[PDB]
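# A closer look at the structure
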Amino acid sequence: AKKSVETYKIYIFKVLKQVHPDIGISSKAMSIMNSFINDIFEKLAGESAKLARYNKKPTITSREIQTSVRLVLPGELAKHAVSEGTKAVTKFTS
Amino acid sequence: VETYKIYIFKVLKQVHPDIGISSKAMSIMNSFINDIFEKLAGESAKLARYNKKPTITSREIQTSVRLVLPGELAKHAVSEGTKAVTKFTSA
Amino acid sequence: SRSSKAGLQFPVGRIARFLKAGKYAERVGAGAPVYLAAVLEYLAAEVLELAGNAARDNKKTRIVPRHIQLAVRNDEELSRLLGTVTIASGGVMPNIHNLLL
Amino acid sequence: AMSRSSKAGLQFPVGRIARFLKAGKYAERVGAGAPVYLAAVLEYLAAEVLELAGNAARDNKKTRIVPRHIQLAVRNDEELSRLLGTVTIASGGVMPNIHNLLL
Amino acid sequence: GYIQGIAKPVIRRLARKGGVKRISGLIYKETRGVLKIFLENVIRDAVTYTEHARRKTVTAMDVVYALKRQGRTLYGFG
Amino acid sequence: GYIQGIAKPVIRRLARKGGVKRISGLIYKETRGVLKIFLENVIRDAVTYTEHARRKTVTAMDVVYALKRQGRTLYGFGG
Amino acid sequence: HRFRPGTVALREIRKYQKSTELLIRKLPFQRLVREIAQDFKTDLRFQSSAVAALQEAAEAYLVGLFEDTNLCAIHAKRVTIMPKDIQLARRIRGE
Amino acid sequence: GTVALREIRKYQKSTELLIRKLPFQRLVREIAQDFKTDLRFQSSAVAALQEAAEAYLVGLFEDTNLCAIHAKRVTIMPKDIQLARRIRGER
DNA sequence: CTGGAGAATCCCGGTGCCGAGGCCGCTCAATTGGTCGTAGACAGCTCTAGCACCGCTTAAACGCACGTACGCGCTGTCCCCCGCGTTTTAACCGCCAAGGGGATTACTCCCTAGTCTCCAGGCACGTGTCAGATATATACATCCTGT
DNA sequence: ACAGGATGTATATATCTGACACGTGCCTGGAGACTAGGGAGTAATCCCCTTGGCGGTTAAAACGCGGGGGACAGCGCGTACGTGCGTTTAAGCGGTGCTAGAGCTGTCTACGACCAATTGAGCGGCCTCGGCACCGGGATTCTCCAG
C-alpha cells in the first residue's frame, strides 16, 4: 500500500456534473482546478487569520470568513460569494 | 503598547555614540523591525507546515533568513545568528 | 453530515479539519467551515461553468487546460483574481496588435 | 538571574521574541534556539540600517537621524533597496534623479 | 465631483518631483483618474477592515493594513 | 556555459508566441541573460527549500513553492 | 521676460526633489477622501492620522507613476509626457 | 512579412512547450550546480521550471512588443526589453 | 486595380490508442453524545477626539499675453532581418541496467510545554534644556543677452 | 567663446523654541526550578525511480544568398505649453462649541475544545471502451503578381 494525498477531485467532479450534465474533465484540468481550490482556500484562511490577529480575537467565525471573502475576491464575485455563504449558514443553523 | 524603542536606541548608541534619533525615525525603525520579524516568522511557519514538523528550531529560522534576505545580507545575518546561538548554547 | 445539512457538495468536515490543523487560529467557529465551503463551491462552479462553455464552443466534451485558460482570461473578474497565476500547458490568448497587421 | 539577552551577548529582547513566536501560533512548538537566532538577525538588520542612516546624517552635518536620512540609507545601498523595493517611508522624500536628456 | 479640487499646479509639482520636465495639457485629467482609482481601492479595503471591527471611525492602522494588502507598505504610522 | 544552448529559432518562436512581428539581431543575447537571471532566482529558492528538508532530490513541490514566492504561482503541478 | 526656455522646470525639479513635505492641498484631498468613502459606508469619520497616511500613499504612488511615465516618454525620443505614456506605464505594471 | 503573422497565429493557437527539453535540462542542472553540488532533479520539477520560464519569457516579450509599438516601431530592440524590465520593477 | 494560381487552410471520414470513468476492499477520519471551561455577547460607564462654524491673512490658485521650443508629418537612404533552399548536427525515441536515495518502521531519549515563585526591566508620566528652526546680514556661483 | 549684470544659493549671527534625553514611580511577564511526555534523532531495510549508456533515425538548427521595407537622420512648419504678471479665492491659522463613539470594565451564558465509540466516505487499484489525436484526401480561402 501507499500513502494517500487528500484532494478535492471528487467534489470538483460532482460540481462539474451538477453544472454541465455531460462534459467530463481530463486529469490535467482536474489537477489545475484542485490547485486553484487549494490556493483560494489558503488565501482566505490566511486573511482570516490576519483579521483575527489584528483584533486580538482568537476565534475564526463566519464573520471573519465573510470579511476575508470581501477583501480577496473582487466585486461581483465577492457579492455572489457572500450571498452564497450567508444562504449556506442560514440553512445550516436551522 | 509594546515596541522596540529602547532596544533600537541601545543599538544606535552602540554603533554611533554621538548621534540621536528623532521620534519619526524611531517609529519607522520600530515598524521595520516588526515587519521583518513578521516576514521571518511567517516563512518559518510555512517551512514547518510544509515538512509537517510542529517545531521551529534554529534551522527553520536560518532557512527563512536565507529565503527572505538577499545576498550579502542573508550571508551576514546567517553568520550572526550562528554566532549568537553558539555563544548562547555554551553559556 | 454537515455537507448534507448545508446542501453543499464540498467537504465541510475536511475544511474544518484543515482550518484546525493549519493553526490559522487557536479556535474555529462552528459556522466558519460551512461558509468557507460555500465560497469554494461557488468559485469552483463559476470556473467550471465558464470552462464548459468554452469547451462547447470548441466542439469538445472534455475540459482541458486550454479551455480553463480561455475561461479565466476571457472573464474579467476571474482574470483580475488570477492576474499573476500561470496555468501550465494553457497557452496564451490570441492577440495581434492593430499596427502589426 | 542573567537574562537570556545577556547570555546571548545581544541587545534585543530574546524573551519578548520567544513570547511573540509562541503567542502568534506560528507553530505548535518553538525551539529554545529560535528566539536567540531571531533576535540576532533583527539586531543585525537594525544595526545595519542605523549605521547607514547615521553615515548619511554625518554627510549632511546633522547630528539627529530623521526620516530623510533613513530614506537615503535604504535607497542608496543596493541590497537594502532590493529588500525594501516597494516600501514607502513617510516624509522621507525621494532620491535626486534627473535624466541626462532633460538637462 | 470633488476630484476637480486637485488643481493643475499641484499635479505639476508632483510631476516635477518625479523628474518630468514638460507636461502635456491632457495629462491632468488622466492623473486625477488614476489617483481616484488608487484612492478608491485603498479606501474600500480600509472600509472593509473597519466594518469588520464594528467601528465607524477609520483609523490609521486600518489604512496601513489596507496599503499593506496592495503590497505598498507604509512605515511611520504604527 | 550551457546558456548558449538555447537556439535562436526557439527564441524566435517564443517571441512569435507573444505577438512580435520583427526581432532585432541583438535580442537573442538579452533574452538569454534575462532567462538565466530568472532561472537562477527560482533555482536558488528551490535548492534552499530542498536543503531544508535534507533531501538531495529537487521535487516538483519545491519548484512550485519557489515560484509562489516570486508572485508567479504555478497551477497544474500540485500544491 | 528673463530666462524662459525651461530652466525654471529644472530648478523646480531640483527644489522639489530636495524637499520632503507634503504637496497635495490638505483640505481638498480630505474632501476627496470623504467623498470616495461615502459610497462604501455612509457616515464615516476619519482620524487625522488616517487622512495623512492616505495622502502619503497617494503622493508616493503618483511620484512613482510619473517616474515611470517619464522613462516611457524619454524612450520614445520625446520630452513632454502624454496620456498614452501613462496608459502604457500602467499597462506594463500590471496593476 | 506574412509568414511572421502566420507563425504568430499558429503559435498562439498551440499549447505545447517550445523550449528544447534536453538543452533546457542541461542549463537547469548547470545553474543548480553552483548552489548545491551533486543534485538530482525530478522530471516533473524540470517540467515545472520549463513551463515557468516559457510563461515568463512570453510575458516579457508581450511587454517588449508593447514598448516597441509605443515608439512607432515594429522591430523590438534590446532597449525595449531593458525598459520593460525597468518598469516592471524586476530591475 | 483584376483575374489566374499556388499554398495554406479547414471539413470529412476511417484507425487505433490509452486515459477517463466505474466498481471493488477497507481504513481512518467524520459524526454523535456528553462534559467542562471561558471567550464573547451584552449592558453600562467615562471622556478623548472628531466634526462643525466663524473670523482674519495671504499664499497660492486662476485668467491671460506671448513667443519660443518641441511635436509631428514628410523625404531620402541604406542596412539588416525575413524567406527560403541546403547541409550538417544532435535531440529524441526505445530499451537496459545500476544503485542512490526517498519512504516507512522501531527504540531511545532529550528537549520543550505547563506550573508556581519572585521580582526587576519596561512603560507611563513629570522635568530641563540643548539641538532644532528662523530672519537679517553679506558673500558667491550661475544663466541671459550682447559682444 | 567672454563679460557684465541680475538672480538664486550659501554662509554667519543672534533669537527663540519644544522634542528629546533624563529622572521617578509602578507592575506583569521574564527567569528559574520542577514535573512529565512525545517529537527528534539514529539505524535499518526495501525498492522506485533518476542518471547514465547505447544506437539509429530524422526533426530541425545553421548557413547563406536576395532584397525590400523600415530605422533612422534630416528637414520643415505649426501650435501649445512654459514663464511671467495682475487678479481673485478659498486654504490655512486660531479659537470656540458639541457630542459620537473609542475605549474600557463587569457579568453571565452559549459555544467550542476534548474524550471515546461507531461506521461509511473516500482512496488505491484494477479494470473497460469511447473521445480524441492522427492521417489522408478533397473542397475552400488567402497572397501574390503579371496584365
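Each value, and the rule that gives it
- Residues numbered from 1 in each chain as written, not as in the entry; some residues may be left out.
- Chains lettered and ligands numbered in written order.
- Heavy atoms only, no water.
- UniProt positions renumbered as here; feature names shortened; annotations may be inferred.
- Helix = DSSP H or I, 4+ residues; strand = E, 2+ residues; numbered from the N terminus.
- Rg over C-alpha atoms; globule rule 2.2 N^0.38 Å.
- Contact = heavy atoms within 4.5 Å.
- Areas by Shrake-Rupley, 256 points an atom, 1.4 Å probe, with all protein chains shown as cover.
- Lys, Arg positive; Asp, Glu negative; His and termini not counted.
- Charge placed at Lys NZ, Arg CZ, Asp CG, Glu CD.
- Buried area = accessible area lost by both parts, 1.4 Å probe.
- Salt bridge = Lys/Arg side-chain N within 4 Å of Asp/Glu carboxyl O.
- Polar contact = N/O pair within 3.5 Å; in protein donor to acceptor, adjacent residues only side chain to side chain.
- Nonpolar A, V, L, I, M, F, W, Y, C, P; charged D, E, K, R; others polar.
- Pairing = 2+ DSSP bridges.
- Near = heavy atom within 4 Å.
- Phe/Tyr/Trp six-rings, centres within 6.5 Å; stacked < 30°, edge-to-face > 60°.
- Buried < 20%, exposed > 50% of the residue type's maximum accessible area, 1.4 Å probe, protein only.

The name given to chain H in the PDB entry is Histone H3.2, with the source organism recorded as Oryza. Quoted straight from UniProt, the Sequence similarities entry for chain H says "Belongs to the histone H3 family."

In the nomenclature of the PDB entry, chain F corresponds to Chimeric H4.V from the organism Oryza.

Quick look at the overall build of chain H now. What chain H contains, in helices and strands, is four helices and two strands. Each helix and strand of chain H, ordered N terminal to C terminal, gives the series α-α-β-α-β-α. For chain H, the C-alpha radius of gyration of 16 Å lies well beyond 12 Å, the compact-globule estimate for 91 residues. Taking all contacts inside chain H whose residues are at least 6 apart in sequence as the whole, residues at least 24 apart take part in 43%. Per element, the accessible surface of chain H, about 4400 Å² overall, is 48% carbon and sulfur. Between the centroid of the 17 positive side chains of chain H and the centroid of its 11 negative side chains there is a distance of 4 Å.

Listed as interface residues are 52 residues of chain C and, on the opposing side, 55 residues of chain A. Of the roughly 5000 Å² buried at the junction of chain C and chain A (both faces included), carbon and sulfur atoms supply 75%. Inspection of the chain C/chain A interface yields two salt bridges. Of the charged contacts, one joins A:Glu6 and C:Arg17 as a salt bridge, the two residues approaching to 2.3 Å between their closest N and O atoms. At the junction of chain C with chain A, the criterion picks out 16 residue pairs in polar contact. Sorting the residues of the side of chain C that touches chain A by element identifies α1 (2-6), α2 (12-21), β1 (27-28), α3 (32-57), β2 (62-63), α4 (65-74) and α5 (76-81) of chain C as the ones contributing at least two each. Among the elements that make up the side of chain C that touches chain A, the one with the highest residue count is α3(C) (17 residues). Looking at side-chain class alone, the side of chain C that touches chain A contains 33 nonpolar, eight polar and 11 charged residues. The sheet contact formed by strand β2 (residues 59-60) of chain A and β1(C) spans two bridges and is parallel.

With that settled, the discussion passes to the protein's contact with DNA strand J. Surrounding DNA strand J, one finds 69 residues, the nearest of these being A:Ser4, B:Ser23, D:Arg19, E:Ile23 and F:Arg13. When the atoms of DNA strand J within 4 Å of the protein are sorted by group, sugar and phosphate make up 99%. Measuring from a sugar or linking oxygen of DNA strand J, one finds a side-chain N or O atom of C:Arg27 at 3.2 Å. For the surface near DNA strand J, the class distribution of residues is 20 nonpolar, 19 polar and 30 charged.

This part is about the protein's contact with DNA strand I. Of all residues adjacent to DNA strand I, which total 68 residues, the nearest are E:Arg13, F:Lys56, G:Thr7, G:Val79 and H:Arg26. In DNA strand I, atoms within 4 Å of the protein come from the sugar-phosphate backbone in 99% of cases. A distance of 2.7 Å separates a phosphate oxygen of DNA strand I from a polar backbone atom of F:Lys56. Take F:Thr57: an N or O atom from its main chain is 3.0 Å from a phosphate oxygen of DNA strand I. Among the elements that line the surface near DNA strand I, the one with the most residues is helix α1 (residues 2-13) of chain H, at five residues. Looking at the surface near DNA strand I residue by residue, the class counts come to 20 nonpolar, 17 polar and 31 charged.

Turning to the packing of aromatic side chains, a few remarks are in order. Scanning all chains against the criterion turns up 20 aromatic pairs over all chains. Considering the side-chain rings of A:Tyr54 and E:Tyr65, the 3.8 Å spacing of their centres and the 5 degrees angle between planes classify their relative orientation as stacked. Residue A:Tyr54 is located in helix α2 (residues 27-54), and its partner E:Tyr65 is located in helix α3 (residues 60-69); the two belong to separate chains. What makes A:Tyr54 partly exposed here is its relative accessible area of 23%. For the ring pair E:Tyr49 and E:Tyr65, a centre distance of 6.4 Å and an interplane angle of 40 degrees mean the geometry is tilted. Here the residue E:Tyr49 occupies a position in helix α2 (residues 27-52), and E:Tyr65 occupies one in helix α3, the gap between them amounting to 16 residues. Under the relative-accessibility criterion, E:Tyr49 is labelled buried at 6%. Members of the aromatic cluster, each reached through a chain of ring pairs, are A:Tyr8, A:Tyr11, A:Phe41, C:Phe10, C:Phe18 and C:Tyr24.

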